[PDB]
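**Q** Give me a model of this one.
(3 chains, ligands or ions: 3)
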Amino acid sequence: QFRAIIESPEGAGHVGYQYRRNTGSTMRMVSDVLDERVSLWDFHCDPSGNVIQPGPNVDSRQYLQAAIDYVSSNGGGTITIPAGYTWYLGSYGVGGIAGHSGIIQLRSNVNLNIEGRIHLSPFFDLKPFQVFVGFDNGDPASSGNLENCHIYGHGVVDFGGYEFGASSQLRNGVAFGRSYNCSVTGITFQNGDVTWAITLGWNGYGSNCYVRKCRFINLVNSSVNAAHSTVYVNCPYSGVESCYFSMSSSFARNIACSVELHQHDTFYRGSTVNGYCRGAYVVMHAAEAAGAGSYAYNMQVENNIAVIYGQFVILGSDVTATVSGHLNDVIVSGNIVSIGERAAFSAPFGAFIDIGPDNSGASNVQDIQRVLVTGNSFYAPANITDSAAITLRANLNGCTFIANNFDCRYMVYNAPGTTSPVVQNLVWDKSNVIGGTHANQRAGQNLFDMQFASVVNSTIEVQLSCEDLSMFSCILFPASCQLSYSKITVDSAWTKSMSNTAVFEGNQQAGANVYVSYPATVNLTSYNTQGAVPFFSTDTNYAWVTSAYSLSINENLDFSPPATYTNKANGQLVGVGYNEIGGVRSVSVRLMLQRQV
Amino acid sequence: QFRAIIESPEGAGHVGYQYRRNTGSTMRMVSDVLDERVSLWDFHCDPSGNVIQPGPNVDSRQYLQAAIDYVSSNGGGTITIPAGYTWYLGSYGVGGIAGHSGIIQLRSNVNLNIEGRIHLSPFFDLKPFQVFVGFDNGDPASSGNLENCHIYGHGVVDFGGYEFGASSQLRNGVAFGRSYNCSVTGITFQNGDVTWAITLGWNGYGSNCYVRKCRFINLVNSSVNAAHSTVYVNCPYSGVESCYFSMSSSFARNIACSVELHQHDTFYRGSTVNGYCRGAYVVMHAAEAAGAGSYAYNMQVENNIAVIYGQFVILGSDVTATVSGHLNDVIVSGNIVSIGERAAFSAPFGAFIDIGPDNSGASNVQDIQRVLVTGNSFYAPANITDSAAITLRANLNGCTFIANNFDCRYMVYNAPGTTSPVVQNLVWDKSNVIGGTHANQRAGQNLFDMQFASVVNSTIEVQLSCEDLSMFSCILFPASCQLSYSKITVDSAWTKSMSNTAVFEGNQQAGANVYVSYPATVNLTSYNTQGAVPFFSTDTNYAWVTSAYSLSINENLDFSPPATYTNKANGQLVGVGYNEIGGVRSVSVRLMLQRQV
Amino acid sequence: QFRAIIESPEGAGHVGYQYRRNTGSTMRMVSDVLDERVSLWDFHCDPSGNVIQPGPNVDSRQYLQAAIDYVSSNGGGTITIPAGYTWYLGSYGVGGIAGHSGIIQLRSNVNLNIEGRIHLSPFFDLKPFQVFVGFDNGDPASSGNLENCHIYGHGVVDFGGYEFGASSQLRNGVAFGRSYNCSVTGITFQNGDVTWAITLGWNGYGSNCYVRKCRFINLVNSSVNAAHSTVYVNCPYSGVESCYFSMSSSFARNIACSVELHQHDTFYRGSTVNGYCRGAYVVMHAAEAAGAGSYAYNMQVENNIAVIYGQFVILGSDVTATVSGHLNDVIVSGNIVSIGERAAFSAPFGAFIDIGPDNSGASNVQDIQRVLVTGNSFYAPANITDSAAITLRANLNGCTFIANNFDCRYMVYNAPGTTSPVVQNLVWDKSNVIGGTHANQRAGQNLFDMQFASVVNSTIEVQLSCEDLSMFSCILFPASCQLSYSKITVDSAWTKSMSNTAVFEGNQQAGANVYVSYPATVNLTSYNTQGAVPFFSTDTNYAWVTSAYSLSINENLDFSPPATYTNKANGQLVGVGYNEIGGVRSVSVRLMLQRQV
Ligand code: NA
Ligand code: NA
Ligand code: NA
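**A** Residues are numbered from 1 along each chain as shown, chains lettered A, B, ... in the order given. Ligands and ions are numbered 1, 2, ... in the order given. Sharing the structure here:
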């Protein structure tokens, strides 16, 4: 009778409870208090209500989905995925998420506290899957939003180690969808071959989505995998912080990127990356411009630690027939990055910053400007010929480098013959320290190899801090590169023994608004006059020089060459020296040649 | 009998429980285990103990207060504000918090896990309110402390959208009070017209208070609102990190500031701001000096992302009759900030740094020094005439700028006629990159417009990275500004066509300890002597010049002007050139004029 | 009968429950739901299962250990240490942790949510203790791992204020051991005399361990304490963020360090330190190289706020007979640090960076290179003679300084006679601002006091921003220091009245590959020739000078000295000036002396 009610599922609803025997507290039943929390256990049962234990040969999907659906009906709450158990997912979800190869449909206000482990069963071997999907429709253009959905805890999402069946397939952990105020915190995503672990937003739709204190371990494992970017941030006001990214597979060194930032006001900070090809893409893709507009601005990549095999930060923008993408107002700072131990050319070209062409290779679609790269450290082993502070392979409308430390093969690089980027507002401040790891490795190479269509409104202030006499030059402009309204200086320190310092193969330094200084060795001859006496350069290629001054001591007693020189119409330098005793003098002097500076 | 006990509120205290049937575990009753957690449900009942459902026409205040009071009595714990429900607050609290228009009194060690939503009912329309108040007295000087009180979860505090009834009113979300080890984490504060969302500490009393991962959305909405600063940090060793601040109302663009730091060892980092007038105030107010002293030092504003309409960081200090405020040891770094799209002068003057006068307008009370602004990016649209790296409107005892990128109308600015600040130790390192967005907009304007009473021990190293021939000058000192013991240089790059580079309207560059260099165009005439021959400037205003050198090529064959010049007592420049053939020469040359450098 | 079962410990296992009366939910018993959580209460009982209340005269150790052991047996979970109670620990643990003076053995997957307080009883007075130990063996070489063990909450670990019994003793809060994915979050560690609060990893074994949002308050209190480092990070991919460290005891000012980073890819960020001797050690100890190798690389100390009494960041590496330690790829940025108010020499020598000798004092074992120090602020009161940007006391293979602000007594310092460090690749960029707080205090002192065995491949670009005529020199090299292949420049600004600017006591600036410029005052005499006329220096010590130029105005009408000078074999400077009227001229001029620059 009463016994029957008590042993029934309604029993706890008949056992009274008052918080700590407080007479002022609500008189409730045990069931009410138990109803304040909810776990997978409360839905992980057979049609008869008997609990099912999870494991290898149990598909937890439908039970988890029921839990999510039921809590969604009550306006939200948090479902615990209990510790001490692994909950295997063994089938595709149905309805709206079936188009996304979804396993589980996330729902608004329904949080998952994942304390235990979630593993994909062999069913998903060689198949595409997106484990959690916040889209409510197969077509995301027609999907509703996912709001206030947080996945967090000390738990694990394990992708079972299965390889991709085909390169064309997609795999994700959490596809939040058109996602507003959603986050993933504390979760370890491990043991997979996936396209992404997490995607935030959809073509700019979404806001305030974050990945914090998560771990991403060994999420590429096959040559089948076309591409990996662990977190793809595709909504504004969103980002990644204090995360850990690690790959061991050789394939990851060629295809894997830790983060992509694709919308405005997004960030990547305080994270550690190891074994990846790439740190981050920072890009406005025209195709993703619907939600938040055509401009990726306020892009922050800060205070990260990376060992990568390719490019740390890749800037881009591209266009569609109808929309043009723009990237501006980017800051890259405080990052300490190195190219991991590898053979030259054995992975994509090493670079701190890459200005990349779009996905179809186009290098004349880009609109990237107002980028500040500052207070970063970059290092590549001496052997890694393909390493650069910046690989500038596409049109650049501005990039500012200040107070960085770059210890790699090239400072500014682009391959000759390939793209011919149009370059505006490239600023390499003199405060960028050029490291010495690659000294004596630069035979035939130009430290700044300005392989561009044109350079305008740019500053290159070259400052060495050690000798490298192996390099062909500190900076070289091929005749094909136009240079105008630019400042190019090579500080004399450690350059005394250099044959070429700055090289302008088309004599571009003669430009009306080109401001240059660099050291050169010059032969001079004087008239025989006793007293104040002119010295002239034997060669006549200094028509562009506004002043020059000596960088050599004068070994002689009976005379001295001029300390300072100007030029003459015929291209000679001319200065006034002093013959204590008369006689024609002939000397070879190291000069700082200067034009308008 | 037994049935009666079981169905009574004491029933759960009669049902035994042993954790997982472990014989080594404590033999308890269900009630004991249920007593480990506590929710608003346990106090949200009528006088008869029957639960009351929350909602529009239910005032949850007294029940929440009872819960807090009861848990406070047991030494603390955490009350859950359940998800899936909105709990409306409908009346003022009583006792100590009545003076603060408090709704709820917070108590020490009593945490609130806000998972559901908390909404203010229409009762508070046009009224002042402080939702949570940690003061235990109407007079904060006589208030006890709030300790170890943490508010956190995925929940929402909603201010109901009500406007201020009068500008004189105050509104707050969490007024922690004299607050030690208190924090707010994860909470969304939205939909209001408030003075602040959160205040930490009281006039320097308090420690270790933080706002982390919170969102602040649309918390100004009326022209009635006198002022808004979302988080006001008024105790040391406290700060804001990884928060999101957003306003849409036009009124916010004129009055709203995201953060104020008012005490030592405080920080604002990793946050995103949009639609605000101001990023942060960093200030020592004499009036708030009781708790932590008279010095705001160790002030950090780092790695934030902002779109604002006024000033990013505002430095200040002021005084009372008895106390003088001091601000020092501040760091502003890594921030990427822009002035949002607006008409010139349509909001408070755009500035990355503002040295502001105190609240009564005084500009001669300030003691601000040892500030480092570094590795920040600042951008304002070309149209925004009122935009500056620094608006220096009050006395400055030091500010150091290094390796920043500033792309706005002015670098250093102050309005003429207005304040006449006394300036010491302003350091604008040459590594600050000056952007080109405002090139061709600067007609009648001085890039560095040194409208001060005096400048001493200062460095301005002007380096352009593109042409702007529209500007009247790169730097101008009016005669009213004293200049001494300072270094002022204008790099020649992109300046060749400029009429004025550095302008000293009172000839201040002649000062004994003024160190300057800038380009000037100078007319010279030579004697007729064949051979080494002097050239002299026709004008006699170079009495201050220690050396000059050519920045022009020499078009002539038969002679060359001097490469380098010194001066003469009468103010002429004089150099020694060379007449291959005799004849009086007359030339106009671009020179780098130098004084003691 | 039924009553008997219900009042028994099995009773809750007989009371049915179905989540919110949902017919689709699992039919369970109350006990099942209660079994989803676990607290110290469930094991804090006598042999008869009756609960024991915690407190002063109750030793909670065995009960907590039983709880941990039991949850470990079920594959993990989280034990709550309830709020509102203090749980005293009163004895040593047993077995594997007995060797580590362990109190509690941590176990994998078993998290502790510490909401209440944990206090050490008087038993531990004058004794060594490690409160939580994740080693499972007395010998860590033979210990298994601790994995997925997280300690977190709003609770407190209190060390009872007991002093060390002897300097030889060790004391720790959490010794995670060979620790993989373990963390401590939110916990206050207070009131002790300990060696550390937390240690992560063991000699490089471990990964992904973190200390976040923790507080460390007054953890040194006796002159007995040999040494303190609050968090010791001894496994890679691990770090400290957003923590608070505070000491009040005078002893802490001499022995206490906030953090040590001893393995690769480790970080210390966003933290506030007060009252400590030292901010961080960043070091590769040969002895700790077993787990993660011989290289500490990717070391990040960023965005911290410190008031310390000694050295902010101490770099080191040392060796064993068999292993050599290496430190490279370090970044120190964004930190705002000051030496607290103290008497000169009353604590270890104040320094932003210290290149320290190893523990046995050796200064010739170090291999430290590719360090970048950038965008930091450092300040020491004017009185603190012992304050330096860098104390360089041991061999340095590279350190790069850019865009810092240093306001202390020395920029570069080492005590004479003591160590004679060999120095390579020291780069002090011109963008480092030198503050004025110590102006007029530097009598007998060299701002850069290059007390080394040798300097090579180094850059010192000295830029003052105010006068200090008290200093003996801006930079001085004793004869014992070799200098080669280096650049040393002193900017002329604020140096006009200085007797010595750069001093080379062994004439090292004459080196073939030494590139220098600095101001000097020079006496010149001319020949009597009317017209172009040479001026020569009276002194003959400029054999090394490649060019010089005037930094003085010419007071005379009838002549002018040369604007620019070269030299002659005998060591004289020589230039060509102009005698309007003939006569031997004699002048004293301030020159910028230049060698190869
Ligand atoms: Na071209
Ligand atoms: Na004045
Ligand atoms: Na030596």
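**Q** Count residues in the vicinity of residue A:555, would you?
**A** 11 (other CB atoms under 10 Å in any protein chain shown). (C-beta placed from N, C-alpha, C; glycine too.)
**Q** Parallel or antiparallel, list what pairs with the longest strand seen in chain A.
**A** If you go by DSSP state E, chain A has its longest strand at strand A:514-526. Here strand A:514-526 has these sheet partners by DSSP bridges: strand A:486-490 (parallel), strand A:531-537 (antiparallel), strand A:586-595 (antiparallel).
**Q** what's the most buried one of the ones you listed?
**A** strand A:486-490 (a mean of 27; mean count of other CB atoms under 10 Å in any protein chain shown).
**Q** for the helix or strand following that strand, packing partners?
**A** As assigned by DSSP states H and E, the chain's next helix or strand after strand A:486-490 is strand A:502-504. On a contact count with 3 or more CB pairs under 8 Å, 6 or more residues apart in numbering or on different chains; DSSP states H and E, strand A:502-504 meets strand A:473-477.
**Q** just so I know, which of the strands paired with strand A:514-526 lies nearest ligand 3?
**A** strand A:586-595 (28.5 Å; CB to the ion).
**Q** doesn't residue A:412 make contact with residue A:428?
**A** Yes - using CB atoms under 8 Å, residue A:428 is in contact with residue A:412, at 6.9 Å.
**Q** any shared contact partners between the two?
**A** A:448, A:460 (CB atoms under 8 Å, 6 or more residues apart in numbering or on different chains).
**Q** element containing the nearest residue to residue A:60 once chain neighbours are set aside, please.
**A** For residue A:60, ignoring the flanking residues on the chain, the nearest one in space by CB to CB, 6 or more residues apart in numbering or on different chains is residue A:87 at 4.2 Å. Assigned by DSSP H and E, residue A:87 falls within strand A:86-89.
**Q** Residue A:134 touches residue A:181, doesn't it?
**A** No - taking contacts as CB under 8 Å, residue A:134 lies outside contact range of residue A:181: 11.4 Å.
**Q** which neighbours do these two share?
**A** Common neighbours of residue A:134 and residue A:181 (CB under 8 Å, 6+ apart) are residue A:149.
**Q** Which one of the two is surrounded by more residues?
**A** Shown here are residue A:134 and residue A:181; by other CB under 10 Å, residue A:134 has more neighbours (33 against 25).
**Q** show me the contacts for that one.
**A** A:105-106, A:146, A:149, A:174-179, A:182.
**Q** Most neighbours of all these, which one?
**A** residue A:177 (33 neighbours).
**Q** Please name the nearest non-neighbouring residue to that residue.
**A** Residue A:177 sits nearest to residue A:134 (CB to CB, 6+ apart), 3.4 Å away.
**Q** what inclination does the longest strand of chain A have with respect to strand A:473-477?
**A** Relative orientation of strand A:514-526 versus strand A:473-477 (axes from the mean of the first three to the mean of the last three CA atoms, to 10 degrees): 120 degrees.
**Q** Can you give me the buried ones in strand A:514-526?
**A** For strand A:514-526, the neighbour count (16 or more other CB atoms under 10 Å in any protein chain shown) marks A:514-520, A:522, A:524, A:526 as buried.
**Q** export those to CSV and tack on distance to ligand 2?
**A** Formatted as CSV, those follow (distance: CB to the ion, whole Å):
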residue, distance to ligand 2
A:514, 41
A:515, 35
A:516, 40
A:517, 38
A:518, 43
A:519, 45
A:520, 48
A:522, 49
A:524, 51
A:526, 53
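**Q** With distance to residue A:391 as extra columns, can I get the residues you listed in TSV?
**A** Shown next, in TSV, are those (distance: CB to CB, whole Å):
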residue	distance to residue A:391
A:514	24
A:515	26
A:516	24
A:517	27
A:518	24
A:519	28
A:520	29
A:522	35
A:524	41
A:526	48
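**Q** which strand residues sit across from the residue nearest to residue A:60 in the sheet?
**A** Listed by DSSP bridges, the beta-bridge partners for residue A:87 are residue A:118.
**Q** Distance check, it against residue A:115.
**A** Residue A:87 sits 11 Å away from residue A:115 when distances are taken as CB to CB, to the nearest Å.
**Q** Give me the common contacts of the two.
**A** residue A:81.
**Q** and residue A:346, that's in a strand?
**A** No - using DSSP: H, G, I helix; E, B strand; the rest coil, the secondary structure at residue A:346 is coil, not a strand.
**Q** Look at it and say how many residues are nearby.
**A** Residue A:346 has 12 nearby residues by other CB under 10 Å.
**Q** which residues touch it?
**A** Contacts of residue A:346 (CB under 8 Å, 6+ apart): none.
**Q** Would you list the phi and psi of it?
**A** phi -90, psi 0 (degrees, to the nearest 10).
**Q** which ones are touching residue A:229?
**A** Residue A:229 sits next to A:195-196, A:256-260, A:281 when contact means CB under 8 Å, 6+ apart.
**Q** Nearest to ligand 3 among those residues?
**A** Distance to ligand 3, by CB to the ion, is smallest for residue A:258 among the contacts of residue A:229, at 46.7 Å.
**Q** Output stretch A:268-288 as CSV, nothing but the C-alphas.
**A** Taking Å, rounded to 0.1, in the frame of the first residue of the first chain, the C-alpha atoms of stretch A:268-288 are listed here in CSV:
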residue,chain,number,x,y,z
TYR,A,268,43.9,33.5,-29.8
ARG,A,269,46.0,33.7,-26.7
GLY,A,270,47.9,32.1,-23.9
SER,A,271,48.1,28.8,-25.7
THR,A,272,50.8,26.2,-26.4
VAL,A,273,51.1,24.5,-29.7
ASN,A,274,53.4,21.6,-30.6
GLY,A,275,53.8,19.4,-33.7
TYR,A,276,51.6,21.5,-36.0
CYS,A,277,52.2,22.9,-39.4
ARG,A,278,50.6,26.2,-38.6
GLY,A,279,49.7,28.3,-35.6
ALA,A,280,46.8,30.4,-36.9
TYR,A,281,45.0,31.6,-40.0
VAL,A,282,43.7,35.1,-39.6
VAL,A,283,41.6,35.8,-42.7
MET,A,284,38.4,37.4,-44.0
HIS,A,285,36.9,34.9,-46.4
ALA,A,286,34.3,36.6,-48.6
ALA,A,287,32.2,33.4,-48.4
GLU,A,288,31.8,33.8,-44.6
